[PDB]
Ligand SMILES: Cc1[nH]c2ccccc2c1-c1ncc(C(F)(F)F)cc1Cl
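Coming up is one lone chain in structure tokens, specifically the form deposited without the ligand.
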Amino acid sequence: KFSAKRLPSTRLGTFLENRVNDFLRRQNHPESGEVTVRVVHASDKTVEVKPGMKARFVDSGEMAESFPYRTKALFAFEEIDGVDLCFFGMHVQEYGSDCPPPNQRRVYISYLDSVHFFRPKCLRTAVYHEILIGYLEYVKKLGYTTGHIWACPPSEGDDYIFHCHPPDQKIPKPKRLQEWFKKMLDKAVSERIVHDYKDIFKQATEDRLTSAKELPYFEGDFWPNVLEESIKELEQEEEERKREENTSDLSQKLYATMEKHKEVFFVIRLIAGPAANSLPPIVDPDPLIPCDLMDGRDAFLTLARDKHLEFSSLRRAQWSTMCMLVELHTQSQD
């Protein structure tokens, strides 16, 4: 059988699905189906500091040339009338206790995506939030201190994870998506999972950040590109000065840009103050899960394209879910 449930379990996946199914049982809605959450990829990776920042801080011995992290891909499924439906996916970057600052004990959501067929409709958003809150709860348990979220909605005709969304599945505007994450985080705060959360500018300001080398540096995130762009801006400005003499600040730029886009970037403190400073090493009890299909989002989108796996109607998404689960089961076995 190539079911979602028969996908190999992990502690993380089991923690999340139990949280979700406990929630659903409390709601006692006759339309809800059993939810399955599976981690389908886990591997060690490194994020490499880009040239501009490398020249300025890395070659100086001030900053690590790269940061080690574990990427995980997980999916949530709802079984309904005996049929599997993949309705939520997320990739995360987890920087461990052995990671050098400024990244140590941080988690970053690379991206998340959904297709809006969860049944019942009235519990869909609540279920998304239970998954995200459960995730924050879990990594907090392991000893990660801080979560990071870029509230970036996809551009028109862009799919983060699932190929071909339903035409009538609306894409939230920035403000709506921002409020969505705030509602999730506020619930996590009420449950004493999250200590507090701030926009990136307020956080930087309070942490007394003085140098770009202090800003957490994640794979594919907004800020590494802002810093490269900024550093080339400084390079151009130096050029014009040289022109002025006839021989033809970074922290200021970063703070300006942070303030401009602060609403879009959440810094989430799981463990604050003291307890954060005398933590044991993080030991993740789940094994690595090699799965080339799910290392980052590109491979699955390509697979979907090639085999025509759309998630554009309930029935189409269920069929694509079968094809997805078949691919995952077969790539695993041999």
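The term rigid core refers to the maximal set of C-alpha atoms that superpose within 1.5 Å between the two forms. Don't overthink the numbering: it's just position in the shown sequence, from 1.
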In 6 other deposited structures of this protein, with the rigid core superposed, the stretch whose C-alphas stray more from the shown form, 173-181 or 252-260, is 252-260
Per the record, the count of deposited residues between residue 248 and residue 249 that have no coordinates is 10 or more
For 178-186 versus 224-232, entry-based mean Cα B-factors point to 224-232
When mean C-alpha B-factors in the record are compared for 260-268 and 96-104, the larger belongs to 96-104
From 282, 37, 294, 47, the top C-alpha temperature factor is at 282
The residue of 203, 145, 155, 114 with the maximal C-alpha B-factor according to the PDB record is 155
By the entry's values, the third containing the CA B factor of residue 216 is the middle
Assert third(CA B-factor, residue 109) within chain per record equals lowest
Binned into thirds over the chain's modelled residues, the C-alpha B-factor of residue 164 lands in the middle
Chain-relative C-alpha B factor for residue 141 (record values, thirds): the middle
Residue 198: CA B-factor among chain residues, third -> middle
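Keep in mind the form solved in complex with the ligand is missing from the figure; the text below concerns it.
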Note to self: Within 4.5 Å, heavy atoms only: does residue 218 come near the ligand in the deposited bound form?
What the structure shows: yes
- Item | residue 226: touches the ligand in the deposited bound form, heavy atom cutoff 4.5 angstroms | no
Touches the ligand in the deposited bound form: residue 200 (any heavy atom, 4.5 Å)
yes
Q.
Check residue 117 for me: does it contact the ligand in the deposited bound form (non-hydrogen atoms, 4.5 angstroms)?
A. no
If we test each of 133, 189, 142, 149 for a heavy atom within 4.5 Å of the ligand in the deposited bound form, the one that passes is 149
Contact with the ligand in the deposited bound form, heavy atom within 4.5 Å, among 193, 99, 80, 258 goes to 258
For the ligand in the deposited bound form, the stretch among 275-283, 262-270, 24-32, 51-59 with residues bearing a heavy atom within 4.5 Å is 262-270
message = Check for me whether the ligand, as it appears in the deposited bound form, comes within 4.5 angstroms of all of 85, 293 and 300 - heavy atoms only.
response = no
